[PDB]
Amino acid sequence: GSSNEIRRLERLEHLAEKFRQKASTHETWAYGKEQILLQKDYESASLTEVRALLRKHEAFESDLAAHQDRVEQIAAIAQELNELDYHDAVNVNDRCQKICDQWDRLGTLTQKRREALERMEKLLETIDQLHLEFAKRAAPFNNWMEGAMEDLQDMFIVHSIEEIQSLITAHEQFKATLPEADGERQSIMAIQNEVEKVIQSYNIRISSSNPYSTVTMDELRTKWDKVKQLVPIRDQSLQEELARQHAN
């Protein structure tokens, strides 16, 4: 009936004024965030980088969880103004609704960016763990093959029927390895597939060369061929030596 009802109607005005402040605020804080969340900056990234992202994404997710409160306040005020029949309620309700709707999407997008990151980290991690292996087992292998190429081509010096008869032996014990060793040589090859394959699964533009190993798998086969090709040339020479110790 005036005054006492006027003050009561001005409160409502004050409330909305309180509503526009907070709304205005939140609206400016959520500007562009969507675009920032729908961005694709991790498809080429490294295990390192991606790990940087999850870390910065936790920052963003902490800023987020903080504003959940501002959003409920905004909603509460628009709710009161609707119930007290503020005269411009459809408008404030609409601004509040457009805000709350956006909130739900930020939620989705955000959870989405985390999932794309947590999986890019696993691919990247996985790839790494393969590479490491390849190199771990590929080093000893490179060794053995060098320790065999030089051995199978080592000039011998025998002047008895018995010296040349221990070599033919030691060298016979080494062949029994050729197979088993070729078992390992199969594996290394395998590990090399599991990598180029996983890489090939997602983005095929990433590099395959192993940053942990210089011996590549190509050159690792080349060596094995020579190892295989020497085995026979040795046999001959060792035969021919026997054919001189029992020949004198």
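The first residue of the sequence shown is number 1, and the count goes up from there.
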Stretch exceeding the other in mean C-alpha B-factor - 45-53, 199-207: 199-207
Can you tell me whether 101-109 has a higher mean C-alpha B factor than 127-135 in this record, or the other way round? 127-135
Highest CA temperature factor in the entry: which of 76, 170, 149, 120? 170
In this crystal structure's PDB entry, the residue among 115, 72, 154, 83 with the greatest CA B factor is 154
Temperature factor at the Cα of residue 15, chain-ranked in thirds, falls in the lowest
Select lowest, middle or highest to describe the third in which the CA B-factor of residue 185 falls within its chain in this entry. middle
Can you tell me which third, lowest, middle or highest, the CA B-factor of residue 25 falls into for its chain? lowest
In terms of its chain's C-alpha B-factors, the third that includes residue 216 is the highest
For residue 145, return the chain-relative third of its C-alpha B-factor as stated in the PDB record: lowest, middle or highest. middle
